[PDB]
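As structure tokens, the structure follows; a few thoughts come after it.
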Amino acid sequence: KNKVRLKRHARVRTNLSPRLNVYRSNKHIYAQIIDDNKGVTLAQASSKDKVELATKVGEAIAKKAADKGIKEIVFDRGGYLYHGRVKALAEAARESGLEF
Amino acid sequence: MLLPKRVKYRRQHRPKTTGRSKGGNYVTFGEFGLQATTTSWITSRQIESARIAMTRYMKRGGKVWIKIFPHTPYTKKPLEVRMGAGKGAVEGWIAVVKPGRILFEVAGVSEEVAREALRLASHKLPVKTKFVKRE
Amino acid sequence: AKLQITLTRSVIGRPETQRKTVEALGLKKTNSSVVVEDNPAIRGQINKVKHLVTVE
Amino acid sequence: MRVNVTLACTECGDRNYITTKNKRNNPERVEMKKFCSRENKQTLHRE
Amino acid sequence: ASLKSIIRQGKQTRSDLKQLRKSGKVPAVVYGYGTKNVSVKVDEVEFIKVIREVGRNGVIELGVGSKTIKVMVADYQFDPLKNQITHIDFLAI
Amino acid sequence: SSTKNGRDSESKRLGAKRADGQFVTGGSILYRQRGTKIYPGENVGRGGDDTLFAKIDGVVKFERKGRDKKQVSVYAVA
RNA sequence: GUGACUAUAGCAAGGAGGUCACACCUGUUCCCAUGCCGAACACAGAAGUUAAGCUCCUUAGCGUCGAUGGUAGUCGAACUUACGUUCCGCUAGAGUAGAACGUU
RNA sequence: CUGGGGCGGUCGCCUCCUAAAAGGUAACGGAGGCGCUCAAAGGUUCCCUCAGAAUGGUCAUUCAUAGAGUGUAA
RNA sequence: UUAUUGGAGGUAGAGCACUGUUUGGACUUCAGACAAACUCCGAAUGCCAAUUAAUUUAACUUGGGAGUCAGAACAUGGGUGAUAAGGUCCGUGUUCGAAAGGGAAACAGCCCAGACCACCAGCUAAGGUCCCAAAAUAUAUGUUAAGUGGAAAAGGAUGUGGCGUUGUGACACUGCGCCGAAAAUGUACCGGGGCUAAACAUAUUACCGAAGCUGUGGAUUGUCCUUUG
């Protein structure tokens with residue numbers, strides 16, 4: 001799937017992009033806000049730090065960004081579908097204070 | 001006599017006759033051959049005459065390869081007409097031969113029968129030639 | 001100011017860019033002679049028109 | 001074959017947005033949602 | 001077999017090569033382990049009567065560094081309209 | 001023996017319109033093309049009709065996109 | 001994970017490496033799902049397995065990179081009709097590299 | 001218009017070639033088309049990947065950088 | 001204009017990786033070819049810039065007044081024609097047009113060279129140096145016997161020289177010659193006489209040769225102010 005999840009992500013990322021990029025797994029979710037003109041990361045969030053934990057990771061990434069002084073973002077669904085887990089990952093950062 | 005079976009374009013600009021030969025300069029299919037030493041257009045009708053001479057001389061014993069093929073159709077206009085009013089009708093098919101190309105190759109024959117056959121061929125082709133043997 | 005360059009052939013019947021080069025060297029008439037400090041870029045002008053000049 | 005139709009705001013203001021339709025494949029009085037700029041609003045158009 | 005070849009040095013202009021070819025010399029190039037691309041000249045007949053002796057895929061001692069290195073003949077160009085070899089490739093080992 | 005040929009079309013002035021290293025304005029056309037022989041880089045708009053134009057005022061630069069595809073970007077001067 | 005680079009970055013082959021991650025695998029309860037099928041997308045997951053996917057290594061068969069030297073081709077002269085000098089400099093083919101580097 | 005004129009052909013627009021690697025470039029030079037068509041064949045968000053060669057009895061599998069398709073010529 | 005750099009682009013060439021044409025083998029495949037409308041490739045040049053350095057004299061805008069819209073030859077890249085035409089139609093440069101002077105015998109377009117005027121001055125360019133006709137019967141070395149030089153092919157051939165490989169003969173390049181070579185007023189395809197060097201090829205020496213350049217005088221415009229000269 002990742003050999004084709006990556007293809008849908010490269011399809012996504014032709015118009016879009018700082019990034020708030022994601023990565024699902026069988027049990028974990030790897031969120032991270034990344035610059036896209038230096039390759040630099042700005043914040044961090046993982047699952048080992050299925051929707052309760054999606055809200056957990058969303059809150060974590062949002063409060064880390066709040067410590068890091070950045071508000072307005074662009075959300076990359078990374079080629080996954082915007083639904084359920086990634087749905088909640090988007091609706092946690094808005095509810096933690098952020099711009100989508 | 002010889003001609004391609006399909007051509008995409010009946011009418012073509014005529015090939016460059018000035019320069020040297022780019023490919024087919026070394027005996028490949030056989031032992032002996034006739035190398036060209038002068039540029040011209042060889043028509044299918046005279047390619048065939050040279051082949052007939054070479055074939056009948058060897059008793060139809062040895063093997064021959066006609067290394068050149070006429071791909072290019074030259075046109076001509078009718079008897080007594082003025083210039084213009086379109087390009088003419090296909091007269092025949094020609095190959096362009098430049099200094100160094102190997103017109104015919106033979107094998108299955110000693111040097112002397114092959115030499116006389118190739119000599120008797122070179123008199124029906126509008127170019128000068130010489131006798132060549134594989135390296 | 002090395003490179004004493006003299007115009008020794010005419011420019012009648014020479015291409016026009018060549019006529020431009022020799023005038024940009026400052027050679028007015030035939031047998032005229034300009035002194036010009038040897039550059040790496042003034043030398044490239046006396047190769048466009050090597051046949052019509054004499055250098056020394 | 002194609003008619004050269006003329007749309008006309010249902011409510012207010014009329015006869016803008018010329019287009020063309022296909023009569024045999026649309027033998028009906030077509031309808032659109034266009035910007036009636038007279039009354040500065042999205043509104044229906046006919047004909 | 002034994003061959004002596006002296007280096008050609010400088011930029012080989014057009015006239016220079018056309019002088020070496022209307023004299024009886026064949027330009028050559030050498031390379032392989034330890035050779036390091038000495039552009040050389042060889043006798044246009046001596047090479048014939050050495051390679052026709054040692055055969056096509058033989059072994060040849062040349063004037064490489066004024067010493068022998070057991071060279072090969074990778075490729076060779078051949079102006080056929082005069083039957084004259086035009087360039088040789090000596091692949092060392 | 002008349003002929004059924006001869007007619008052609010008006011040639012449409014097509015291709016590069018600025019130079020690699022040149023200062024361009026905010027809406028200048030950088031290249032004209034059918035299809036995409038050169039894709040739009042950064043701050044380059046790939047307008048309709050497939051023409052490539054600049055957006056900001058800057059210096060133009062033809063780069064490549066890996067192998068077999070090249071792009072045009074525009075930069076800020078100084 | 002995630003970016004940058006012209007595959008010297010790929011293919012193809014042999015070889016090991018496990019639930020710590022990544023996987024496949026349990027199933028349709030749940031949100032959602034096929035113009036039929038939880039095959040897919042997605043949801044609830046603990047078994048079980050290193051076979052496959054896959055990270056890591058060997059390989060120069062296939063692709064890709066590719067000199068030095070020579071040749072063709074011409075820019076400009078200069079004789080005359082195809083050469084001669086100057087100068088740039090091909091493709092092809094071999095010497096070769098090469099099983100990638102790499103930012104956060 | 002016209003390799004005298006008449007007869008024949010043509011006349012506006014598009015895509016190639018000639019055209020000489022910027023653009024431009026003629027002939028009664030070599031090839032084709034146009035005088036429309038879509039209310040979804042437009043917009044937008046998502047999802048997917050073709051042609052063909054074989055193994056079988058529309059299907060399935062594999063091989064496959066594109067040889068498909070792109071309303072309509074190139 | 002040139003040097004340095006960056007660039008776009010698909011011509012020459014080349015190649016068969018795609019579309020087509022094709023030759024010989026073996027049962028898709030190995031070798032070999034072809035292309036204006038074929039491209040895995042790909043120049044030299046030309047073009048665009050830097051707001052990139054050294055020389056040089058333009059560039060542009062605004063206005064007044066125009067003529068031009070029958071072009072030609074040669075060199076090179078092509079189409080058409082028949083790789084005919086002093087043909088025709090395009091790109092590229094030059095000369096004529098609107099250009100006199102020297103050479104090509106004479107000869108708008110070929111080569112040299114751009115006339116302000118005068119001189120019974122000098123140096124040279126193309127081209128030349130036995131006489132017509134100014135200047136070498138020059139110097140060194142070789143070739144050619146046909147008057148080749150001073151017109152023409154396939155093809156032929158113990159012409160003659162050079163170098164080369166061969167076991168006295170044979171061949172591979174080769175330079176120069178021979179035959180093929182018949183037309184209409186009068187030799188009549190060196191301008192003529194004549195030429196065996198006064199031909200050819202190569203290599204240093206001289207000299208001749210223009211209205212070019214220089215020398216001397218003069219006439220006009222200009223621009224620096226050496227220094228209103």
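In the structure tokens, chains take the letters A, B, ... in the order shown, each chain's residues start at 1, and ligands count up from 1 in the order shown.
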- residue 37 in chain F: which residues within 9 Å, counting only C-alpha atoms (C1' of nucleotides), same-chain residues fewer than 4 positions away excluded, as a list in words?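 Neighbouring residues, sequence-local ones excluded: residues 33, 69, 70 and 71 of chain F.
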What does the file look like for those residues with N, CA, C and O atoms, as a tab-separated table (two decimals), in the first residue's frame?
```tsv
chain	number	residue	atom	x	y	z
F	33	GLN	N	4.28	28.20	-26.48
F	33	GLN	CA	4.45	26.78	-26.76
F	33	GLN	C	3.10	26.11	-26.93
F	33	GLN	O	2.10	26.57	-26.39
F	69	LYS	N	12.96	16.75	-18.75
F	69	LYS	CA	12.00	17.83	-18.56
F	69	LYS	C	12.71	18.99	-17.90
F	69	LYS	O	13.47	18.79	-16.95
F	70	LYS	N	12.46	20.20	-18.39
F	70	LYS	CA	13.06	21.40	-17.84
F	70	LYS	C	11.98	22.40	-17.50
F	70	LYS	O	10.91	22.42	-18.10
F	71	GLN	N	12.28	23.25	-16.52
F	71	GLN	CA	11.35	24.23	-16.00
F	71	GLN	C	11.96	25.62	-16.08
F	71	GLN	O	13.15	25.79	-16.32
```
- Query: chain B: which residues are strand (DSSP E) by DSSP, as a PyMOL selection string?
  - Reply: chain B and resi 32-36+40-43+63-66+72-76+89-97+102-107+129-133
- Using only C-alpha atoms (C1' of nucleotides), find which residues of chain I lie within 8 Å of chain B and jot them down as a PyMOL selection string. chain I and resi 20-24+32-34+36+80-83
Dump as a PDB file, in the first residue's frame, selection limited to C-alpha atoms (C1' of nucleotides):
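Wrote it out as again_7.pdb, contents follow:
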```
ATOM      1  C1'   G I  20       7.748   2.840 -41.445  1.00  0.00           C
ATOM      2  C1'   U I  21      11.353   0.598 -46.125  1.00  0.00           C
ATOM      3  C1'   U I  22      14.942  -3.575 -46.488  1.00  0.00           C
ATOM      4  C1'   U I  23      19.078  -7.828 -47.274  1.00  0.00           C
ATOM      5  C1'   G I  24      21.150 -12.914 -45.504  1.00  0.00           C
ATOM      6  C1'   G I  32      23.781  -5.506 -42.607  1.00  0.00           C
ATOM      7  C1'   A I  33      21.334  -1.217 -44.530  1.00  0.00           C
ATOM      8  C1'   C I  34      17.332   3.463 -45.712  1.00  0.00           C
ATOM      9  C1'   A I  36      12.121  16.007 -46.099  1.00  0.00           C
ATOM     10  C1'   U I  80      11.093  22.770 -58.897  1.00  0.00           C
ATOM     11  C1'   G I  81      13.256  21.145 -63.432  1.00  0.00           C
ATOM     12  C1'   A I  82      16.278  16.268 -65.976  1.00  0.00           C
ATOM     13  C1'   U I  83      21.908  16.598 -59.652  1.00  0.00           C
TER      14        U I  83
END
```
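Excluding range 17-31 of chain D itself and any same-chain residue fewer than 6 positions from it, the protein and nucleic acid residues within 10 Å of it, counting only C-alpha atoms (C1' of nucleotides), are residues 1, 2, 3, 4, 5, 6, 7, 8, 9, 10, 44, 45, 46 and 47 of chain D; 37, 38 and 39 of chain H.
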Output file for the residues above (C-alpha atoms (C1' of nucleotides), as a PDB file, in the first residue's frame):
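New file again-v9.pdb:
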```pdb
ATOM      1  CA  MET D   1     -28.592  22.219 -35.830  1.00  0.00           C
ATOM      2  CA  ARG D   2     -27.915  24.208 -32.675  1.00  0.00           C
ATOM      3  CA  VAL D   3     -30.216  26.965 -31.455  1.00  0.00           C
ATOM      4  CA  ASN D   4     -28.595  30.218 -30.286  1.00  0.00           C
ATOM      5  CA  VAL D   5     -30.505  30.788 -27.064  1.00  0.00           C
ATOM      6  CA  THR D   6     -31.057  33.904 -24.942  1.00  0.00           C
ATOM      7  CA  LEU D   7     -31.376  33.766 -21.154  1.00  0.00           C
ATOM      8  CA  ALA D   8     -33.609  36.120 -19.192  1.00  0.00           C
ATOM      9  CA  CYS D   9     -33.713  36.642 -15.432  1.00  0.00           C
ATOM     10  CA  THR D  10     -36.897  35.243 -13.911  1.00  0.00           C
ATOM     11  CA  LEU D  44     -32.637  31.912 -12.278  1.00  0.00           C
ATOM     12  CA  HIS D  45     -32.538  32.471 -16.027  1.00  0.00           C
ATOM     13  CA  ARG D  46     -34.702  30.988 -18.756  1.00  0.00           C
ATOM     14  CA  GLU D  47     -35.427  30.706 -22.474  1.00  0.00           C
TER      15      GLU D  47
ATOM     16  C1'   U H  37     -19.732  19.722 -31.861  1.00  0.00           C
ATOM     17  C1'   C H  38     -20.834  18.848 -26.132  1.00  0.00           C
ATOM     18  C1'   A H  39     -26.174  21.056 -20.690  1.00  0.00           C
TER      19        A H  39
END
```
With a distance cut-off of 12 Å and only C-alpha atoms (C1' of nucleotides), select the neighbouring residues of range 24-28 of chain H, excluding the residue or stretch itself and same-chain residues fewer than 3 positions from it, and output the selection as a PDB file with N, CA, C and O atoms (P, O5', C5', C4', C3', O3' and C1' of nucleotides), in the first residue's frame.
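Wrote it out as part.pdb, contents follow:
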```pdb
ATOM      1  N   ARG B  82       5.345  22.618 -69.990  1.00  0.00           N
ATOM      2  CA  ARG B  82       6.059  23.748 -69.437  1.00  0.00           C
ATOM      3  C   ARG B  82       6.372  23.505 -67.969  1.00  0.00           C
ATOM      4  O   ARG B  82       5.961  22.510 -67.372  1.00  0.00           O
ATOM      5  N   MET B  83       7.111  24.434 -67.379  1.00  0.00           N
ATOM      6  CA  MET B  83       7.532  24.262 -66.002  1.00  0.00           C
ATOM      7  C   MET B  83       6.379  24.573 -65.055  1.00  0.00           C
ATOM      8  O   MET B  83       5.456  25.326 -65.378  1.00  0.00           O
ATOM      9  N   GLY B  84       6.437  23.972 -63.872  1.00  0.00           N
ATOM     10  CA  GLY B  84       5.405  24.196 -62.889  1.00  0.00           C
ATOM     11  C   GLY B  84       4.158  23.373 -63.148  1.00  0.00           C
ATOM     12  O   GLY B  84       4.157  22.395 -63.896  1.00  0.00           O
ATOM     13  N   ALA B  85       3.075  23.792 -62.498  1.00  0.00           N
ATOM     14  CA  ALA B  85       1.803  23.073 -62.501  1.00  0.00           C
ATOM     15  C   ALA B  85       1.914  21.742 -61.762  1.00  0.00           C
ATOM     16  O   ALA B  85       1.307  20.749 -62.155  1.00  0.00           O
ATOM     17  N   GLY B  86       2.699  21.718 -60.693  1.00  0.00           N
ATOM     18  CA  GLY B  86       2.796  20.558 -59.832  1.00  0.00           C
ATOM     19  C   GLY B  86       3.985  19.672 -60.162  1.00  0.00           C
ATOM     20  O   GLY B  86       4.616  19.775 -61.215  1.00  0.00           O
ATOM     21  N   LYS B  87       4.282  18.776 -59.228  1.00  0.00           N
ATOM     22  CA  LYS B  87       5.383  17.839 -59.371  1.00  0.00           C
ATOM     23  C   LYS B  87       4.905  16.575 -60.079  1.00  0.00           C
ATOM     24  O   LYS B  87       3.722  16.240 -60.067  1.00  0.00           O
TER      25      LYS B  87
ATOM     26  N   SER F   1      -2.563  19.298 -65.330  1.00  0.00           N
ATOM     27  CA  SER F   1      -2.292  18.553 -64.105  1.00  0.00           C
ATOM     28  C   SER F   1      -2.119  19.472 -62.905  1.00  0.00           C
ATOM     29  O   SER F   1      -1.049  19.514 -62.303  1.00  0.00           O
ATOM     30  N   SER F   2      -3.174  20.202 -62.558  1.00  0.00           N
ATOM     31  CA  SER F   2      -3.142  21.061 -61.386  1.00  0.00           C
ATOM     32  C   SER F   2      -2.990  20.228 -60.114  1.00  0.00           C
ATOM     33  O   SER F   2      -3.185  19.011 -60.103  1.00  0.00           O
ATOM     34  N   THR F   3      -2.646  20.908 -59.024  1.00  0.00           N
ATOM     35  CA  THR F   3      -2.365  20.259 -57.752  1.00  0.00           C
ATOM     36  C   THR F   3      -3.299  20.752 -56.656  1.00  0.00           C
ATOM     37  O   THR F   3      -3.781  21.887 -56.682  1.00  0.00           O
ATOM     38  N   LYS F   4      -3.533  19.881 -55.685  1.00  0.00           N
ATOM     39  CA  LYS F   4      -4.422  20.136 -54.562  1.00  0.00           C
ATOM     40  C   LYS F   4      -3.637  20.404 -53.286  1.00  0.00           C
ATOM     41  O   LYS F   4      -3.999  19.950 -52.202  1.00  0.00           O
ATOM     42  N   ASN F   5      -2.540  21.132 -53.416  1.00  0.00           N
ATOM     43  CA  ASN F   5      -1.663  21.485 -52.313  1.00  0.00           C
ATOM     44  C   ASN F   5      -1.504  23.001 -52.265  1.00  0.00           C
ATOM     45  O   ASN F   5      -2.216  23.749 -52.939  1.00  0.00           O
ATOM     46  N   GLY F   6      -0.564  23.446 -51.441  1.00  0.00           N
ATOM     47  CA  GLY F   6      -0.093  24.813 -51.483  1.00  0.00           C
ATOM     48  C   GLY F   6      -0.426  25.602 -50.241  1.00  0.00           C
ATOM     49  O   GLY F   6       0.424  26.315 -49.702  1.00  0.00           O
ATOM     50  N   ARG F   7      -1.652  25.450 -49.763  1.00  0.00           N
ATOM     51  CA  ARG F   7      -2.118  26.246 -48.641  1.00  0.00           C
ATOM     52  C   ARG F   7      -1.411  25.842 -47.360  1.00  0.00           C
ATOM     53  O   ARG F   7      -1.208  24.659 -47.083  1.00  0.00           O
ATOM     54  N   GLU F  10      -0.861  30.636 -41.064  1.00  0.00           N
ATOM     55  CA  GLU F  10      -0.035  31.704 -40.522  1.00  0.00           C
ATOM     56  C   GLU F  10       0.843  31.169 -39.408  1.00  0.00           C
ATOM     57  O   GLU F  10       0.344  30.613 -38.427  1.00  0.00           O
ATOM     58  N   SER F  11       2.147  31.355 -39.549  1.00  0.00           N
ATOM     59  CA  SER F  11       3.074  30.936 -38.511  1.00  0.00           C
ATOM     60  C   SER F  11       2.869  31.769 -37.254  1.00  0.00           C
ATOM     61  O   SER F  11       2.722  32.990 -37.313  1.00  0.00           O
ATOM     62  N   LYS F  12       2.851  31.098 -36.114  1.00  0.00           N
ATOM     63  CA  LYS F  12       2.549  31.723 -34.833  1.00  0.00           C
ATOM     64  C   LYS F  12       3.831  31.807 -34.027  1.00  0.00           C
ATOM     65  O   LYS F  12       4.364  30.783 -33.594  1.00  0.00           O
ATOM     66  N   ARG F  13       4.310  33.032 -33.830  1.00  0.00           N
ATOM     67  CA  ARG F  13       5.628  33.307 -33.278  1.00  0.00           C
ATOM     68  C   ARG F  13       5.753  32.640 -31.920  1.00  0.00           C
ATOM     69  O   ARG F  13       5.094  33.044 -30.960  1.00  0.00           O
ATOM     70  N   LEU F  14       6.593  31.623 -31.831  1.00  0.00           N
ATOM     71  CA  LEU F  14       6.497  30.651 -30.758  1.00  0.00           C
ATOM     72  C   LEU F  14       7.886  30.356 -30.216  1.00  0.00           C
ATOM     73  O   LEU F  14       8.843  30.236 -30.979  1.00  0.00           O
TER      74      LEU F  14
ATOM     75  P     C H   1      -3.479  39.231 -62.765  1.00  0.00           P
ATOM     76  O5'   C H   1      -2.924  37.961 -61.984  1.00  0.00           O
ATOM     77  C5'   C H   1      -2.233  38.113 -60.754  1.00  0.00           C
ATOM     78  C4'   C H   1      -2.090  36.805 -60.013  1.00  0.00           C
ATOM     79  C3'   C H   1      -1.258  35.738 -60.699  1.00  0.00           C
ATOM     80  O3'   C H   1       0.126  35.912 -60.451  1.00  0.00           O
ATOM     81  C1'   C H   1      -3.266  34.790 -59.847  1.00  0.00           C
ATOM     82  P     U H   2       1.193  35.861 -61.648  1.00  0.00           P
ATOM     83  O5'   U H   2       0.907  34.468 -62.343  1.00  0.00           O
ATOM     84  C5'   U H   2       0.865  33.278 -61.572  1.00  0.00           C
ATOM     85  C4'   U H   2       0.268  32.149 -62.361  1.00  0.00           C
ATOM     86  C3'   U H   2       1.047  31.765 -63.611  1.00  0.00           C
ATOM     87  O3'   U H   2       1.035  30.353 -63.778  1.00  0.00           O
ATOM     88  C1'   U H   2      -1.154  32.450 -64.202  1.00  0.00           C
ATOM     89  P     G H   3       2.243  29.485 -63.179  1.00  0.00           P
ATOM     90  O5'   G H   3       3.466  29.841 -64.119  1.00  0.00           O
ATOM     91  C5'   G H   3       3.444  29.507 -65.498  1.00  0.00           C
ATOM     92  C4'   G H   3       4.333  30.426 -66.288  1.00  0.00           C
ATOM     93  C3'   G H   3       4.708  29.922 -67.676  1.00  0.00           C
ATOM     94  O3'   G H   3       4.848  31.028 -68.566  1.00  0.00           O
ATOM     95  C1'   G H   3       6.661  30.193 -66.373  1.00  0.00           C
ATOM     96  P     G H   8     -12.738  26.301 -67.330  1.00  0.00           P
ATOM     97  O5'   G H   8     -11.581  25.314 -66.870  1.00  0.00           O
ATOM     98  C5'   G H   8     -11.737  23.908 -66.967  1.00  0.00           C
ATOM     99  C4'   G H   8     -10.566  23.184 -66.353  1.00  0.00           C
ATOM    100  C3'   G H   8     -10.335  23.403 -64.865  1.00  0.00           C
ATOM    101  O3'   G H   8     -11.178  22.613 -64.047  1.00  0.00           O
ATOM    102  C1'   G H   8      -8.294  23.628 -66.013  1.00  0.00           C
ATOM    103  P     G H   9     -11.841  23.239 -62.725  1.00  0.00           P
ATOM    104  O5'   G H   9     -10.604  23.509 -61.758  1.00  0.00           O
ATOM    105  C5'   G H   9      -9.868  22.436 -61.194  1.00  0.00           C
ATOM    106  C4'   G H   9      -8.660  22.918 -60.429  1.00  0.00           C
ATOM    107  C3'   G H   9      -8.915  23.947 -59.345  1.00  0.00           C
ATOM    108  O3'   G H   9      -9.401  23.396 -58.136  1.00  0.00           O
ATOM    109  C1'   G H   9      -7.122  24.670 -60.666  1.00  0.00           C
ATOM    110  P     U H  10     -10.483  24.212 -57.280  1.00  0.00           P
ATOM    111  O5'   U H  10      -9.632  25.323 -56.526  1.00  0.00           O
ATOM    112  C5'   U H  10      -8.411  24.999 -55.879  1.00  0.00           C
ATOM    113  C4'   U H  10      -7.534  26.216 -55.711  1.00  0.00           C
ATOM    114  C3'   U H  10      -8.119  27.339 -54.872  1.00  0.00           C
ATOM    115  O3'   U H  10      -7.895  27.120 -53.489  1.00  0.00           O
ATOM    116  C1'   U H  10      -7.194  28.216 -56.876  1.00  0.00           C
ATOM    117  P     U H  18      11.785  20.803 -42.730  1.00  0.00           P
ATOM    118  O5'   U H  18      11.829  21.306 -44.235  1.00  0.00           O
ATOM    119  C5'   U H  18      12.300  20.469 -45.276  1.00  0.00           C
ATOM    120  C4'   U H  18      12.114  21.129 -46.614  1.00  0.00           C
ATOM    121  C3'   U H  18      12.735  22.509 -46.749  1.00  0.00           C
ATOM    122  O3'   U H  18      14.097  22.421 -47.123  1.00  0.00           O
ATOM    123  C1'   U H  18      10.500  22.536 -47.556  1.00  0.00           C
ATOM    124  P     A H  19      15.142  23.585 -46.781  1.00  0.00           P
ATOM    125  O5'   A H  19      14.897  23.906 -45.253  1.00  0.00           O
ATOM    126  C5'   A H  19      15.625  24.938 -44.617  1.00  0.00           C
ATOM    127  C4'   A H  19      14.860  25.518 -43.462  1.00  0.00           C
ATOM    128  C3'   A H  19      14.018  24.531 -42.677  1.00  0.00           C
ATOM    129  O3'   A H  19      13.972  24.963 -41.319  1.00  0.00           O
ATOM    130  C1'   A H  19      12.640  26.218 -43.529  1.00  0.00           C
ATOM    131  P     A H  20      15.205  24.714 -40.318  1.00  0.00           P
ATOM    132  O5'   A H  20      16.509  24.969 -41.185  1.00  0.00           O
ATOM    133  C5'   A H  20      17.613  24.082 -41.145  1.00  0.00           C
ATOM    134  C4'   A H  20      18.817  24.688 -41.819  1.00  0.00           C
ATOM    135  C3'   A H  20      19.301  26.013 -41.250  1.00  0.00           C
ATOM    136  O3'   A H  20      20.163  25.809 -40.141  1.00  0.00           O
ATOM    137  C1'   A H  20      19.293  26.062 -43.641  1.00  0.00           C
TER     138        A H  20
ATOM    139  P     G I  78      22.168  21.402 -48.987  1.00  0.00           P
ATOM    140  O5'   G I  78      21.115  22.215 -49.857  1.00  0.00           O
ATOM    141  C5'   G I  78      20.056  21.560 -50.537  1.00  0.00           C
ATOM    142  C4'   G I  78      18.728  22.165 -50.172  1.00  0.00           C
ATOM    143  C3'   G I  78      17.616  21.999 -51.188  1.00  0.00           C
ATOM    144  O3'   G I  78      16.993  20.731 -51.158  1.00  0.00           O
ATOM    145  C1'   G I  78      17.710  24.240 -50.540  1.00  0.00           C
ATOM    146  P     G I  79      16.644  19.997 -52.537  1.00  0.00           P
ATOM    147  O5'   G I  79      15.204  20.548 -52.901  1.00  0.00           O
ATOM    148  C5'   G I  79      14.207  20.638 -51.901  1.00  0.00           C
ATOM    149  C4'   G I  79      13.000  21.393 -52.380  1.00  0.00           C
ATOM    150  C3'   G I  79      12.522  21.055 -53.776  1.00  0.00           C
ATOM    151  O3'   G I  79      11.737  19.881 -53.807  1.00  0.00           O
ATOM    152  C1'   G I  79      12.604  23.395 -53.516  1.00  0.00           C
ATOM    153  P     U I  80      11.658  18.986 -55.130  1.00  0.00           P
ATOM    154  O5'   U I  80      11.287  20.030 -56.264  1.00  0.00           O
ATOM    155  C5'   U I  80       9.971  20.547 -56.364  1.00  0.00           C
ATOM    156  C4'   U I  80       9.774  21.290 -57.654  1.00  0.00           C
ATOM    157  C3'   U I  80      10.261  20.574 -58.898  1.00  0.00           C
ATOM    158  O3'   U I  80       9.326  19.644 -59.398  1.00  0.00           O
ATOM    159  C1'   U I  80      11.093  22.770 -58.897  1.00  0.00           C
ATOM    160  P     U I  88      15.080  33.357 -64.758  1.00  0.00           P
ATOM    161  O5'   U I  88      14.107  32.613 -63.751  1.00  0.00           O
ATOM    162  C5'   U I  88      12.751  32.397 -64.110  1.00  0.00           C
ATOM    163  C4'   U I  88      12.034  31.498 -63.139  1.00  0.00           C
ATOM    164  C3'   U I  88      12.082  31.910 -61.684  1.00  0.00           C
ATOM    165  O3'   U I  88      11.138  32.911 -61.372  1.00  0.00           O
ATOM    166  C1'   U I  88      12.559  29.615 -61.868  1.00  0.00           C
ATOM    167  P     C I  89      11.529  34.090 -60.368  1.00  0.00           P
ATOM    168  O5'   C I  89      11.226  33.475 -58.941  1.00  0.00           O
ATOM    169  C5'   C I  89       9.963  32.904 -58.656  1.00  0.00           C
ATOM    170  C4'   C I  89      10.013  32.041 -57.425  1.00  0.00           C
ATOM    171  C3'   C I  89      10.705  32.640 -56.221  1.00  0.00           C
ATOM    172  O3'   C I  89       9.893  33.569 -55.525  1.00  0.00           O
ATOM    173  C1'   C I  89      11.390  30.401 -56.504  1.00  0.00           C
ATOM    174  P     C I  90      10.565  34.656 -54.561  1.00  0.00           P
ATOM    175  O5'   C I  90      11.407  33.768 -53.546  1.00  0.00           O
ATOM    176  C5'   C I  90      11.912  34.284 -52.324  1.00  0.00           C
ATOM    177  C4'   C I  90      12.109  33.175 -51.320  1.00  0.00           C
ATOM    178  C3'   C I  90      13.271  33.329 -50.359  1.00  0.00           C
ATOM    179  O3'   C I  90      12.995  34.197 -49.278  1.00  0.00           O
ATOM    180  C1'   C I  90      13.295  31.157 -51.252  1.00  0.00           C
ATOM    181  P     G I  91      14.049  35.337 -48.872  1.00  0.00           P
ATOM    182  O5'   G I  91      15.178  34.551 -48.073  1.00  0.00           O
ATOM    183  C5'   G I  91      14.909  34.021 -46.787  1.00  0.00           C
ATOM    184  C4'   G I  91      16.050  33.188 -46.261  1.00  0.00           C
ATOM    185  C3'   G I  91      17.372  33.896 -46.044  1.00  0.00           C
ATOM    186  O3'   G I  91      17.413  34.668 -44.862  1.00  0.00           O
ATOM    187  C1'   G I  91      17.744  31.818 -47.086  1.00  0.00           C
TER     188        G I  91
END
```
- Task: Would you give me, as a list in words, the residues of chain A that come within 12 Å of chain H, using only C-alpha atoms (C1' of nucleotides)?
- Result: residues 4, 8, 12, 79, 80, 81 and 82 of chain A
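Minimum distance to residue 67 in chain H across I:173, I:130, I:38, I:18 (counting only C-alpha atoms (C1' of nucleotides)) occurs at I:18.
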